[PDB]
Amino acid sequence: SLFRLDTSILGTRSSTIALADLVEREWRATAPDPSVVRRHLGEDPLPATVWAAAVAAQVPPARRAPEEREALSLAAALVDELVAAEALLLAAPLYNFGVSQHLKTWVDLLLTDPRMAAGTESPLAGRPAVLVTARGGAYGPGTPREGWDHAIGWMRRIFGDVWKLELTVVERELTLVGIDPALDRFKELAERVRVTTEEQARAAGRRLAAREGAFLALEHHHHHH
């Protein structure tokens, strides 16, 4: 099955939901198990108080207080959702130059579970994940916003370096063109980016769906000779 995580707070208008929908459509069309499990942190955020309760409890059980037992039980349920998935679809818009408050809360709580604790091997290592992001402006090298996306590096750190996922990133920029008058000079560029990024999302879903066969077709395993 696919596990899909959404973080947009902009509801039916969400650009990330729309890109993730294109990935999911291709997954459903070609995946051996087209099943999808979904969690929408933007509509159903985790409580602001659970992480601190889980951290405190992270102590001999039995002594844990109700809020601490509830906090770690929720963290176990969230890890169960990820480890049950053959592949991940994660959607995270850029909000105030930084990480979604909802995504950070989710990762923080996941890492309180023993299977995701420091000095453990990632229970997700080698699994494929597509990360969908969107930005109102343009943040590539040479731009006035170069280095102003403080989220993407952290997401690449947790997903790729800590959990050891095989990460594909689809990023749609210039989503506030046609909304903020200051961006009007970008109108033609923004339309080419939308069309290109929508195709990248479809492409990402087709690749995610084929990963198991692609892995089985590999014979080169870096054996000595």
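From 1 onward, residues are counted along the sequence shown.
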Per the entry, how many deposited residues between residue 168 and residue 169 lack coordinates? The answer is none
Higher of the two mean Cα B-factors (108 to 116, 151 to 159; per PDB record) comes from 108 to 116
Assert higher mean C-alpha B factor (199 to 207 or 213 to 221, deposited values) equals 213 to 221
On the chain's distribution of Cα B-factors, residue 96 falls within the third called lowest
Of the three thirds of the chain ranked by Cα temperature factor, residue 174 occupies the lowest
For residue 125, the third of its chain by CA B-factor is the middle
Of the three thirds of the chain ranked by Cα temperature factor, residue 131 occupies the lowest
Entry-reported C-alpha B-factor of residue 63 relative to its chain, by third, is highest
